[PDB]
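J.: 3D model of this:
(6 chains, ligands or ions: 1)
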Amino acid sequence: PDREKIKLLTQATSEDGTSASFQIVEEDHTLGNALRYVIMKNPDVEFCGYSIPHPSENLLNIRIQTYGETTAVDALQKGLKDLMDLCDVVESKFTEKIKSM
Amino acid sequence: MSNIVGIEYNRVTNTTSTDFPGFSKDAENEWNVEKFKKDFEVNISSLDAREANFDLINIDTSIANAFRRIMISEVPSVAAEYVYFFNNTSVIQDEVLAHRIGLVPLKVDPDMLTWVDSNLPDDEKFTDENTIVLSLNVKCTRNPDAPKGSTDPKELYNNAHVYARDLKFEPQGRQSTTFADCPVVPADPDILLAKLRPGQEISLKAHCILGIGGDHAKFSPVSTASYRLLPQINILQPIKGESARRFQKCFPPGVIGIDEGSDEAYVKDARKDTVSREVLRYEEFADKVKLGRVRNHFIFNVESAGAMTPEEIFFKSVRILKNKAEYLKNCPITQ
Amino acid sequence: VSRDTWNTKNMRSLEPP
Amino acid sequence: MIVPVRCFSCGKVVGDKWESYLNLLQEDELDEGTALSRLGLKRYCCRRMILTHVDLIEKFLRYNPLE
Amino acid sequence: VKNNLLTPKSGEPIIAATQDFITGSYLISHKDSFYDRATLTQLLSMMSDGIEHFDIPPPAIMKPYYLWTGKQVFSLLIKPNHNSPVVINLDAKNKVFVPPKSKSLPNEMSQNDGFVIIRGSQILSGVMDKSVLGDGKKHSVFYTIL
Amino acid sequence: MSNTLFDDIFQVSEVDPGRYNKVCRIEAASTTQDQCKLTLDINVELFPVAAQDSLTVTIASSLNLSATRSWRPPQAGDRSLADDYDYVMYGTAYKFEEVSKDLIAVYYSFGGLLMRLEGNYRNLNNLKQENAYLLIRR
Ligand SMILES: [Zn+2]
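T.: Numbers count the residues shown, from 1 in each chain, chains lettered A, B, ... in the order given. You can find the structure just below:
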């Protein structure tokens, strides 16, 4: 039950969601860029981008603004699910080509 | 345009993906597996114990670069962390030698060791499951012989050079059975650690633990993991005569060839091409060629330091990306 | 080569400490 | 002083190449470029690590204080 | 620092964009800069810390693709969302201003992006140069905001 | 129909990229309006333009035939104007100037790509309003 990993920044959050900034510690461009790509691949997402506010801190601030269909949290959760699925496809294809060789 | 990075004489164009809904009125390219699953493809070109070369085809730059970054900085490997000097009478300083020993890459497979917990006491931090203990005991003495005066030091002295292979695996606790079939040796045993003259000696032990390339370079498992986009050369109009041979000279040897009979220059192998855009400076081929790179065709080259195979390193990187996405997914979002 | 080393071995380093 | 173990840039292990590069230059004498390429030093950073190294340890060892 | 953005000797701004900031601004607002929605929002997230709401304007180019110019990026930099009170109006001659082809044309018809028109925090022409983001000029963007 | 503030055919006089690689400033005069000139900045890597080609230029508001405040694209199945125009820009009219007796010039900025439309009687239609779609087809 990790309660420190991902936080919701309330000052950056709208009413009823659909626009929220998340703070993700121990994260950098690696997860930020893949997550942003996958999240932009969602029709309801109108805005996605991350930022590492300072190199000294291992912190990532990812901003999601959606249209009214879904909330930023839902778009985030969908982005994480889709990133997992994509990496699973990559794993299967790569292990198959390794086995074939 | 349209998936092709444009290689111009003074700039690079069309470098962003543009494969999302909201690029155009047709809100196409929504994410879905079973479209990415059927379009994505892997073509392995070569496999060694220390190098791999494969093509991730039809994948986005963010994911390919995520794998590359994970391999370089986040895949764990084992390297010496603490060096205890019983005796060091060589000219090489203790910390210099310790840093060099840290840079020696060990042929111990990770997942044989557990991560060290640094919250524990110093007396209780290193175990037979956390640490590899390597010793090094070298004493340099004059060779009891008489070759040509002032010859190479390999026969004027004994132990005149200290190699990485002189680092000895010392099983602790139950490692005597765990590591019996895979004794810990340097990945590169001819690494020159120190040179010493008669009367000089280096006695030490080194504790080797799991680490992360982001924490220190010595932990990185890849001597370089990177990719490159697939070069694409499009000969717009036929090139013939000596002009075709000059066009051929504009590229590395095998990249393009001259057809026999037609005497026209055709692209023979664009993979072998380095994009020096030499052809783009002659104003003779200005409109007869278009240089480009396929933006979603990545030619990965993963050369491993030696502790694990390059395909294993890449698979571990994909698994690391998936694991961090899943960890975030499971984590609750706190106000 | 051509070996699925990752399936054969149960990884431990890769999990977060 | 003594040859670095790793290329500063790529991280490739170049510390096991110094003696063999010296041997390729001295015995079966070759050009520096061909000797470097025969050792697998293709990247120019790796080539630099060997081509520009000054082996000061051999001079420093002439002043051995424990003769 | 905020109380001393101007020098007292002339009233001209002295705290303003320096070299690489000026060049980056120029390269963003350069007339050849176009951005799709993904790149635009990543730029806006870089501009903020990821903690600022942005009202995305309609794209400058709606067909064949949805593309935003760099001047729209800088308009969002000046005034991100409708809650931002900063509504800026400004005319400025860039440090390299070649005139229009005709002596009767307005200055924003410069053959280059030599003239900055800003209306309601919207940059309607001209690149972001030193003369409009740097020191010594009272037609600076930051000077007018101040 | 009732949303086209202006439409006319123009004959391109010249196209010049002045130190640009994707934006060209084209100049055109109206076919069958002896006074209507046009200076226009076109992204030519999207819409290639050659000297002496005839372009149908239309100015419209509301391409159509929550309080989110972020622009949302119309759906892919939405019938709208621009379904028969090759190139479409969105910008604002920011200046009307007088150039002579019964001859005015109107200035549109499409994110920095300027349009200068010289004409005679386009007053009851061309307003200083954000709603300005420029539509162009070959
Ligand atoms: Zn190197």
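J.: next up, the contacts around residue B:74.
T.: Applying C-beta atoms under 8 Å, 6 or more residues apart in numbering or on different chains, we find residue B:74 in contact with A:30, B:212-214, B:317, B:320. To be clear about C-beta, it is placed using only N, CA and C from the backbone, and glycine gets the same treatment.
J.: secondary structure class for residue B:184?
T.: Here residue B:184 is recorded as coil under DSSP: H, G, I helix; E, B strand; the rest coil.
J.: buried ones in stretch F:23-41?
T.: Of all the residues in stretch F:23-41, those buried under the rule 16 or more other C-beta atoms under 10 Å in any protein chain shown are F:23-28, F:30, F:36-41.
J.: what of stretch F:49-59?
T.: Within stretch F:49-59, the residues that qualify as buried are F:49, F:55-59, counting by 16+ other C-beta under 10 Å.
J.: hmm, that stretch in reach of chain E?
T.: No - Stretch F:49-59 does not reach chain E (C-beta under 8 Å from any C-beta of the partner chain); its nearest approach is 12.4 Å.
J.: just the strands in chain E please.
T.: Per DSSP state E, chain E has strands spanning E:34-35, E:61-63, E:68-69, E:90-93, E:115-119, E:122-125. These are given in chain order.
J.: show me which residues of chain D sit near the ion.
T.: Listed as neighbours of the ion in chain D under the rule C-beta under 5 Å from the ion: D:7, D:9-10, D:43, D:45-46.
J.: residues contacting residue 12?
T.: You didn't pick a chain, so chain A it is. A:20-21, A:63, E:50-53.
J.: that's the other chain; I wanted chain E
T.: E:6, E:135-138, E:143.
J.: I'd like to know which of these is nearest to chain C.
T.: Taking C-beta to the nearest C-beta as the measure, chain C lies nearest residue E:135 of the contacts of residue E:12, at 49.0 Å.
J.: what are the phi and psi angles of the closest one?
T.: Note on residue E:135: backbone dihedrals following degrees, to the nearest 10 are phi -100, psi 160.
J.: nearest to chain C: which residue in chain A?
T.: For chain A, C-beta to the nearest C-beta, closest residue to chain C: residue A:101, 3.7 Å.
J.: from memory that residue sits against residue B:44, does it?
T.: Yes - with contact defined as C-beta atoms under 8 Å, residue A:101 reaches residue B:44; the gap is 6.6 Å.
J.: more neighbours: the two, which one.
T.: Taking other C-beta atoms under 10 Å in any protein chain shown, residue A:101 and residue B:44 do not tie; residue B:44 has more neighbours (18 against 11).
J.: number of residues surrounding the residue lying closest to that one once chain neighbours are set aside?
T.: Closest residue to residue B:44 in three dimensions, ignoring its sequence neighbours and counting by C-beta to C-beta, 6 or more residues apart in numbering or on different chains: residue B:54, at 4.4 Å. Look at residue B:54: counted by other C-beta under 10 Å, it has 23 neighbours.
J.: so which other helices or strands are in contact with the helix or strand containing residue B:54?
T.: Per DSSP states H and E: residue B:54 is located in strand B:51-57. Judged by 3 or more C-beta pairs under 8 Å, 6 or more residues apart in numbering or on different chains; DSSP states H and E, the packing partners of strand B:51-57 are helix A:72-100, strand B:41-47, strand B:289-304, helix B:310-330.
J.: ok now the last one, how far from the chain's centre?
T.: When you say that, I think you mean helix B:310-330. Mean-position distance between helix B:310-330 and its chain equals 17 Å (C-alpha atoms, centre = their mean, to the nearest Å).
J.: is chain E contacted by stretch F:98-105?
T.: Yes - shown here: stretch F:98-105 in contact with chain E (C-beta under 8 Å from any C-beta) through residue F:99.
J.: and that stretch, how far apart are its ends?
T.: One end of stretch F:98-105 sits 6 Å from the other (C-alpha to C-alpha, to the nearest Å).
J.: cool, stretch D:41-60 as well?
T.: So stretch D:41-60: terminal residues 28 Å apart, C-alpha to C-alpha.
J.: check stretch A:62-82 too.
T.: 16 Å.
J.: is any residue of it near chain E?
T.: Yes - using C-beta under 8 Å from any C-beta, stretch A:62-82 reaches chain E at A:62-63, A:65.
J.: next up, the contacts around residue B:313.
T.: Contacts of residue B:313 by C-beta under 8 Å, 6+ apart are B:71, B:75, B:221-222, B:225, B:302, B:304.
J.: can you lay out those as CSV showing secondary structure?
T.: Listed next are the contacts of residue B:313 as CSV, based on three-state DSSP:
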residue, secondary structure
B:71, helix
B:75, coil
B:221, coil
B:222, strand
B:225, strand
B:302, strand
B:304, strand
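J.: which one of those sits closest to chain F?
T.: For the contacts of residue B:313, the minimum distance to chain F (C-beta to the nearest C-beta) is 34.3 Å, reached by residue B:225.
J.: my guess is the closest one contacts residue B:64. True?
T.: No - counting by C-beta under 8 Å, residue B:225 does not reach residue B:64; the two are 11.2 Å apart.
J.: can you give me the strands for chain F?
T.: Taking DSSP E as the test, the strands found in chain F are F:4-16, F:23-30, F:37-43, F:54-60, F:87-90, F:92-100, F:103-109, F:114-119, F:133-137.
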